[PDB]
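Have a look below at one chain only, the form solved without the named molecule, in structure tokens format.
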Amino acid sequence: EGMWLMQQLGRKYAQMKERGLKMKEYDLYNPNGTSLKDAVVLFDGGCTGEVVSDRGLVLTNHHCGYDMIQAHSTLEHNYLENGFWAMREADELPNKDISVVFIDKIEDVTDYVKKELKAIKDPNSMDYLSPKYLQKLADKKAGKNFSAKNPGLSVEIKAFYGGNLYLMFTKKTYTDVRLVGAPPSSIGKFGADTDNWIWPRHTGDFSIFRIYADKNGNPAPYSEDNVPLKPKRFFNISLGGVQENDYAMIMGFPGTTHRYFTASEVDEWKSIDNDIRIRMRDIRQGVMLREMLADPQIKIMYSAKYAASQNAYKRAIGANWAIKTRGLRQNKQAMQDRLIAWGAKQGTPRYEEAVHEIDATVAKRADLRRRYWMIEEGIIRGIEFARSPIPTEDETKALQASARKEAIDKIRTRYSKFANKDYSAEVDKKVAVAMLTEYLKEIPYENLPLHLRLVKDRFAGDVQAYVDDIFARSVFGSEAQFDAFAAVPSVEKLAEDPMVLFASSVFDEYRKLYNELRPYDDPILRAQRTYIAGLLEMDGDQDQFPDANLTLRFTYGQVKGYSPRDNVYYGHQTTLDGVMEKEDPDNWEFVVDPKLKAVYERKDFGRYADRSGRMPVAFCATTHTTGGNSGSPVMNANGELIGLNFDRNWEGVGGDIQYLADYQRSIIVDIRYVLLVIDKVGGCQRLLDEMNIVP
């Protein structure tokens, strides 16, 4: 059910043992010694990884190591589509701007922070959640020359439970992390966008890296002299596999949850956030689809933009399904009413006052938040020419010395980035007409961004004429129109340019709304501190976990499927057969790698097939995971690696507000399939040899 703090392992150990856990508590997490926790890393700031060998080998998702594989890919060696398999440690590719963070120590500093907070004076100061204030407190407790006296280490204090608990983290950061192996994109992204958020799933979502360090194993930036890290702890790979109901656990860095939302916040998330995103993205995607099907060149140009738009669109559909069918609003309402009833018995009205404060703030920011979401979904991300070039104050005070040619070159570079190989003005005009028509229907004249008032005032309500006029008269409407400006550039022309005026006024309103809405976050956060304090004082810190905040958490459950709808059951495990069933040679998402197809046909599964002779691919578990858990190690009852978490089913996106026992499942790639791809697809035997594999 939860995303538990490492501090809570003691309090949860008995339940985990009853659910199947066999390893000793301190072998999983030891607050003052070495444990399995020491083999978990925060990979590249937003993913999880795990050390799987005594030479610093690291496994994470394919989508986690994707940018690294893409950076080293060229026309000659396209590692993204064919995979990459360094046959020696010297061949492993270094990555610029990469990091791996070990959580060396975790300490409860609640009383220390609460005492330091007493010197604030302003009762509504947000310093209790300020990373700047909390870093000054972390530096004070660690020492003045802490990072110099402890090379590789750094400290950090994070707030938990809306400011009711504080933990200090001692982090060891390594920045020389090299690409070691990666399956082809056909395996690493098999489902691609169709199977995104979907169970059953047949994706071999993994990539291999290695941590490098100085001769003493201390963190060091990339140097040819760097040597593999001999870590204090690494995971053993289990070949025993999984069976239905088997205990499974995960350690990783879940990014964010909203477990303590009020019922009013759930209504707001549905009726504003999700409904606007769903409505606006449906209009945008509809026009893009019409155009992509009509012109194969437009399909090439807009495929990635269409897929990107579909991602949060699908998540919003899934979230609204949970609000409607799983009774999320009602359960939050029950939670707050239960607290208010208890507070009345205790003679303490501050909890009821706190829920009322959140409710009144949500009610007050409703029209503002609606306008912000309307402009963000409708214009900022909905219309490409909203992100067209806007001349800087320096550029205009250069056009009106001969640094006029420098200004035109700077504007030309931004214009080339906007009107690139993937940009179509005709498609953008069509999308803009449909998005603006919907926007003007929902946003009244008095609340419109200044330039959009011209639709009524100058164009007699003709949206198509207004959009046509923007491209016809603008210096960014076509290459010829830009070059004509570039030859005779006058500041007067830029000041009255219809596309510049549009982009400027839509961004003015977007920032104006953001600045008006920002003040409303603080009374809610302050009230949430009282609200969560009451919930914890009433039900205890045993059956309720703190919201995810990109810190190390553990979760446990069982390998199990679920019934998505009446008369349908989705089992706990997918197989290689399922990959072959989904094969479509004329669909880039479902193309099957020839070496993998041959392995399947020849039944060349070695020691990686299950007892029935079927090759496993992925499995699902009742663990509680969210974004940030990508690449998280999945463990056995004995703490051996059984797979890597890579997704969560769409029926479980609402799990960020309320865990859904009968629907929510973590989508994990079976470690047996990972080793099968390394062995029979990459032929990288040296990686299997350095891992500690248990039969």
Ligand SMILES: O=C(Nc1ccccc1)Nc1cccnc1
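All residue numbers are counted from 1 along the displayed sequence.
There is another form of the same protein, the form solved in complex with the named molecule; it is not shown, and what comes next is about it.
Heavy atoms within 4.5 Å of the named molecule in the deposited complex: which of the stretches 510-518, 121-129, 301-309, 495-503 has them? Among the listed stretches, the partner-contacting one is 301-309.
- Message: Give me the residue from 112, 222, 146, 588 that has a heavy atom within 4.5 Å of the named molecule in the deposited complex.
- Response: When the named molecule is considered in the deposited complex, the option within 4.5 Å is 588.
Practice item. Could you spot which one of 610, 282, 156, 193 gets a heavy atom to within 4.5 Å of the named molecule in the deposited complex? Key: In short, 193.
Q: Pull the contact list for 520-551: residues with a heavy atom within 4.5 Å of the named molecule in the deposited complex, in sequence order.
A: None of them.
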